[PDB]
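Some notes on the structure that comes next.
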Amino acid sequence: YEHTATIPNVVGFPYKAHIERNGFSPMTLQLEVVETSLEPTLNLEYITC
Amino acid sequence: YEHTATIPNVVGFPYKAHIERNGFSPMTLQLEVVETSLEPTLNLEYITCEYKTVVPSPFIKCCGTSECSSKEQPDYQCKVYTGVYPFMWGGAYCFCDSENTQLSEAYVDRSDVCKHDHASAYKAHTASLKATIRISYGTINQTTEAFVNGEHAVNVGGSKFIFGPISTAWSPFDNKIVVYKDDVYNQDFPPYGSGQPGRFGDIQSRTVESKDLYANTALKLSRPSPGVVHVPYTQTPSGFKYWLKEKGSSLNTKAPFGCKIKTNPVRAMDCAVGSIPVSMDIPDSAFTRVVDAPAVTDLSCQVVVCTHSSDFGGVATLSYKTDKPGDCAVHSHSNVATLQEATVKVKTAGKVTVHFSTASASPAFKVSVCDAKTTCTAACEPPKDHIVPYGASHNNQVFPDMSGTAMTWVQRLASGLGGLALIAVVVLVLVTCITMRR
């Protein structure tokens, strides 16, 4: 069953997605972002010392 | 009690026939076609198989002429060649330099395994249906075989059933049929005595045991190479052995209506074609008197869920008043939805659930529970699964009920514009009165 949501990129905000479906009693998911890690691609130009 | 019905020829679709006999509590019979076997009448036209070409040793007459004679043998060929001078391994076979003749002789015969590997050409006509029907009603549940013609009465539980003549005489077999082992071929085989070389039936026999063989292989003798004994000849390759690789896939993979084609005897199973009339003579002992049944009253229906899927995708809860517990017959009086269950225990618990299958966005159908009747109504969503390995249990009636949302909107718009048009009529009639009174 394809369903879509959009959760805040807020760590520890426990967004809850509700699925309503014809055959079935509705379901609430929790989607809690425990961490994010935004990592740049790095090109080394040079070393200084 | 005479009753009549008409069940689809769909195998594994359980029909429900409801009898509302005035003196008795209703009963729902379930009628399921378990198997069908459409069997054509066959006339054997001829047998075909690979030929055997019989080539004796050459009757080489050294130092002399030879006559030759005509013979009755199939495709028989004979020639006497003058001026032969053959060499065997040890020298010339003949002393005379040219006064020798090689009598070449050849003919066609039926192959020695034609008893075992042959194709039979049939005319296939006036097919007949036999069906394996399952009858269940009350405590009686039995599976019986009936010929589907309006004469073979079969007994279940003391009930005569007559499965009347099938609604259409269609069959997947064309008028000309070729049968080979497990396979059946629709094939306009050439008439006996007119088969052509290198094609199916270049040799033809009226039966596998027949003494008389037609052969038309275009066998021709040719002159032997000088000094060589070999009775050289040319002949068109076995048309049967060409056929065996040219057949392609058989009728078992091409018949309409999903028929499964089988040999020995030639038959088409499970053809989903037409419908079968049924006549019942149910005895009085099969019904329960109205005193014995529960007096189900104040019946109402809630559709707990509905998907208009091919399975029994809807669920109803029926609620009751009753004097006693008991079995009631259950039915749906509209073909928009068919019910999985034929009878239910009515309980003092006051409610029961019944499953149904339907194809429409918003069905409404009168269910019943013994005498009580109520109109179930639903909002049914489409299924999410595009393809399923099973046929539809509903009748594929898709037009929505007039109380549904689509017909509600349609009836609002149509009554709106119709009311506006009637008001404009009233205006015009009133004005055209006034303009003639004044």
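Letters for chains follow the order of the structure tokens (A, B, ...), residue numbers begin at 1 for each chain, and ligand numbers begin at 1 in the order shown.
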
For chain A against chain B, which residues fall within 12 Å using only C-alpha atoms, given as JSON, numbers by chain?
{"A": [1, 2, 21, 22, 23, 24, 25]}

Shell of 7 Å around range 277-282 of chain B, only C-alpha atoms, local chain residues under 5 positions omitted, as number ranges by chain:
B: 1-7, 159-166

Just write the chosen residues, N, CA and C atoms, as a PDB file, in the first residue's frame.
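Output file out.pdb follows:
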ATOM      1  N   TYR B   1     -42.618 -30.666  -5.556  1.00  0.00           N
ATOM      2  CA  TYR B   1     -42.817 -29.262  -5.893  1.00  0.00           C
ATOM      3  C   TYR B   1     -41.977 -28.855  -7.099  1.00  0.00           C
ATOM      4  N   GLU B   2     -42.647 -28.525  -8.199  1.00  0.00           N
ATOM      5  CA  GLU B   2     -41.947 -28.109  -9.406  1.00  0.00           C
ATOM      6  C   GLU B   2     -41.340 -26.723  -9.217  1.00  0.00           C
ATOM      7  N   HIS B   3     -40.043 -26.608  -9.490  1.00  0.00           N
ATOM      8  CA  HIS B   3     -39.369 -25.320  -9.558  1.00  0.00           C
ATOM      9  C   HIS B   3     -38.388 -25.362 -10.720  1.00  0.00           C
ATOM     10  N   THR B   4     -38.032 -24.182 -11.229  1.00  0.00           N
ATOM     11  CA  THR B   4     -37.093 -24.085 -12.338  1.00  0.00           C
ATOM     12  C   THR B   4     -36.143 -22.915 -12.133  1.00  0.00           C
ATOM     13  N   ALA B   5     -34.930 -23.079 -12.655  1.00  0.00           N
ATOM     14  CA  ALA B   5     -33.853 -22.112 -12.504  1.00  0.00           C
ATOM     15  C   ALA B   5     -33.026 -22.130 -13.785  1.00  0.00           C
ATOM     16  N   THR B   6     -32.023 -21.258 -13.851  1.00  0.00           N
ATOM     17  CA  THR B   6     -31.072 -21.292 -14.961  1.00  0.00           C
ATOM     18  C   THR B   6     -29.706 -20.861 -14.443  1.00  0.00           C
ATOM     19  N   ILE B   7     -28.787 -21.815 -14.339  1.00  0.00           N
ATOM     20  CA  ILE B   7     -27.485 -21.579 -13.720  1.00  0.00           C
ATOM     21  C   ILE B   7     -26.440 -21.299 -14.796  1.00  0.00           C
ATOM     22  N   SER B 159     -34.987 -35.825  -4.559  1.00  0.00           N
ATOM     23  CA  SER B 159     -35.326 -34.811  -5.547  1.00  0.00           C
ATOM     24  C   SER B 159     -34.873 -35.255  -6.932  1.00  0.00           C
ATOM     25  N   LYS B 160     -35.791 -35.236  -7.895  1.00  0.00           N
ATOM     26  CA  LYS B 160     -35.389 -35.257  -9.294  1.00  0.00           C
ATOM     27  C   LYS B 160     -34.843 -33.893  -9.695  1.00  0.00           C
ATOM     28  N   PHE B 161     -33.681 -33.890 -10.341  1.00  0.00           N
ATOM     29  CA  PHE B 161     -33.183 -32.735 -11.072  1.00  0.00           C
ATOM     30  C   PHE B 161     -33.102 -33.071 -12.553  1.00  0.00           C
ATOM     31  N   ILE B 162     -33.573 -32.162 -13.402  1.00  0.00           N
ATOM     32  CA  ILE B 162     -33.381 -32.268 -14.843  1.00  0.00           C
ATOM     33  C   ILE B 162     -32.600 -31.045 -15.303  1.00  0.00           C
ATOM     34  N   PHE B 163     -31.418 -31.278 -15.865  1.00  0.00           N
ATOM     35  CA  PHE B 163     -30.592 -30.218 -16.441  1.00  0.00           C
ATOM     36  C   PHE B 163     -30.895 -30.111 -17.930  1.00  0.00           C
ATOM     37  N   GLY B 164     -31.686 -29.103 -18.300  1.00  0.00           N
ATOM     38  CA  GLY B 164     -32.235 -29.015 -19.623  1.00  0.00           C
ATOM     39  C   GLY B 164     -31.183 -28.717 -20.677  1.00  0.00           C
ATOM     40  N   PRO B 165     -31.630 -28.642 -21.931  1.00  0.00           N
ATOM     41  CA  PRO B 165     -30.698 -28.474 -23.054  1.00  0.00           C
ATOM     42  C   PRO B 165     -29.896 -27.184 -22.950  1.00  0.00           C
ATOM     43  N   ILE B 166     -28.580 -27.311 -23.147  1.00  0.00           N
ATOM     44  CA  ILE B 166     -27.675 -26.174 -23.032  1.00  0.00           C
ATOM     45  C   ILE B 166     -28.101 -25.047 -23.965  1.00  0.00           C
TER      46      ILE B 166
END

Need to verify the contact set: range 373-379 of chain B, 7 Å, only C-alpha atoms, exclusion of same-chain residues closer than 6 positions in sequence. Can you return it as a list in words?
residues 299, 300, 301, 302, 303, 306, 361, 362, 363, 364, 365, 366 and 367 of chain B

What would the file look like if the residues just selected were written as a PDB file, in the first residue's frame with N, CA and C atoms?
ATOM      1  N   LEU B 299     -36.029  -7.234  10.710  1.00  0.00           N
ATOM      2  CA  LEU B 299     -34.735  -7.410  10.059  1.00  0.00           C
ATOM      3  C   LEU B 299     -34.199  -6.075   9.549  1.00  0.00           C
ATOM      4  N   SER B 300     -32.923  -5.804   9.824  1.00  0.00           N
ATOM      5  CA  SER B 300     -32.238  -4.643   9.271  1.00  0.00           C
ATOM      6  C   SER B 300     -30.802  -5.017   8.934  1.00  0.00           C
ATOM      7  N   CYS B 301     -30.193  -4.231   8.042  1.00  0.00           N
ATOM      8  CA  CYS B 301     -28.885  -4.552   7.486  1.00  0.00           C
ATOM      9  C   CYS B 301     -27.949  -3.353   7.538  1.00  0.00           C
ATOM     10  N   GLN B 302     -26.753  -3.569   8.083  1.00  0.00           N
ATOM     11  CA  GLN B 302     -25.626  -2.651   7.967  1.00  0.00           C
ATOM     12  C   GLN B 302     -24.508  -3.332   7.193  1.00  0.00           C
ATOM     13  N   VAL B 303     -23.966  -2.646   6.193  1.00  0.00           N
ATOM     14  CA  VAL B 303     -22.797  -3.137   5.470  1.00  0.00           C
ATOM     15  C   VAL B 303     -21.548  -2.672   6.212  1.00  0.00           C
ATOM     16  N   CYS B 306     -17.341  -2.795   2.376  1.00  0.00           N
ATOM     17  CA  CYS B 306     -17.527  -3.270   1.011  1.00  0.00           C
ATOM     18  C   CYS B 306     -16.389  -2.833   0.108  1.00  0.00           C
ATOM     19  N   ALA B 361     -20.318   0.349  -7.644  1.00  0.00           N
ATOM     20  CA  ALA B 361     -19.862   1.327  -6.661  1.00  0.00           C
ATOM     21  C   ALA B 361     -20.825   1.461  -5.489  1.00  0.00           C
ATOM     22  N   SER B 362     -22.127   1.312  -5.725  1.00  0.00           N
ATOM     23  CA  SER B 362     -23.111   1.407  -4.647  1.00  0.00           C
ATOM     24  C   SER B 362     -24.268   0.473  -4.945  1.00  0.00           C
ATOM     25  N   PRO B 363     -24.197  -0.761  -4.463  1.00  0.00           N
ATOM     26  CA  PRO B 363     -25.311  -1.694  -4.625  1.00  0.00           C
ATOM     27  C   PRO B 363     -26.425  -1.420  -3.631  1.00  0.00           C
ATOM     28  N   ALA B 364     -27.635  -1.814  -4.017  1.00  0.00           N
ATOM     29  CA  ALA B 364     -28.686  -2.074  -3.048  1.00  0.00           C
ATOM     30  C   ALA B 364     -29.400  -3.355  -3.443  1.00  0.00           C
ATOM     31  N   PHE B 365     -29.631  -4.223  -2.463  1.00  0.00           N
ATOM     32  CA  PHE B 365     -30.197  -5.536  -2.737  1.00  0.00           C
ATOM     33  C   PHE B 365     -31.004  -6.013  -1.542  1.00  0.00           C
ATOM     34  N   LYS B 366     -32.202  -6.525  -1.809  1.00  0.00           N
ATOM     35  CA  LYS B 366     -33.049  -7.104  -0.773  1.00  0.00           C
ATOM     36  C   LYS B 366     -32.468  -8.443  -0.338  1.00  0.00           C
ATOM     37  N   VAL B 367     -31.895  -8.497   0.862  1.00  0.00           N
ATOM     38  CA  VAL B 367     -31.598  -9.786   1.475  1.00  0.00           C
ATOM     39  C   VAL B 367     -32.857 -10.287   2.162  1.00  0.00           C
TER      40      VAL B 367
END

Taking 3 positions as the minimum chain separation for residues in the same chain, which residues sit within 7 Å of range 97-110 of chain B when counting only C-alpha atoms? Answer as a PyMOL selection string.
chain B and resi 50-56+58-66+73-85+114+215+231

Between CA of residue 271 in chain B and CA of residue 359 in chain B, distance in Å (one decimal)
23.1 Å

Using DSSP secondary structure from the backbone, list all helix (DSSP H, G or I) positions within range 60-262 of chain B, as a ChimeraX atom specification.
/B:239-246,251-253,256-258

Produce a file of the selected residues containing C-alpha atoms, as an mmCIF file, in the first residue's frame.
data_model
loop_
_atom_site.group_PDB
_atom_site.id
_atom_site.type_symbol
_atom_site.label_atom_id
_atom_site.label_comp_id
_atom_site.auth_asym_id
_atom_site.auth_seq_id
_atom_site.Cartn_x
_atom_site.Cartn_y
_atom_site.Cartn_z
ATOM 1 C CA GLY B 239 4.166 -35.623 -45.281
ATOM 2 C CA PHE B 240 3.279 -36.966 -41.830
ATOM 3 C CA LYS B 241 6.843 -36.351 -40.625
ATOM 4 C CA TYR B 242 6.581 -32.847 -42.083
ATOM 5 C CA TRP B 243 3.262 -32.395 -40.260
ATOM 6 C CA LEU B 244 4.730 -33.503 -36.904
ATOM 7 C CA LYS B 245 7.100 -30.519 -36.958
ATOM 8 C CA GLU B 246 4.673 -28.127 -38.702
ATOM 9 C CA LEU B 251 -6.393 -26.740 -29.903
ATOM 10 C CA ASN B 252 -5.678 -27.249 -26.177
ATOM 11 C CA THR B 253 -3.908 -23.860 -26.302
ATOM 12 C CA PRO B 256 -12.161 -20.181 -26.955
ATOM 13 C CA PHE B 257 -13.919 -19.826 -23.596
ATOM 14 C CA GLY B 258 -10.970 -21.333 -21.749
#

Report, in Å to a single decimal, how far apart CA of residue 318 in chain B and CA of residue 393 in chain B are.
21.2 Å

Coordinates-based distance that separates CA of residue 96 in chain B from CA of residue 221 in chain B (Å, one decimal):
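Between these atoms lies a distance of 24.4 Å.
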
Using only C-alpha atoms, which of the listed residues (A:48, A:32, A:37, A:43) sits closest to residue 15 in chain A?
A:32

I need the residues of chain A that end up classed as strand (DSSP E or B) by DSSP on the backbone, written out as JSON, numbers by chain.
{"A": [14, 15, 16, 17, 18, 19, 27, 28, 29, 30, 31, 32]}
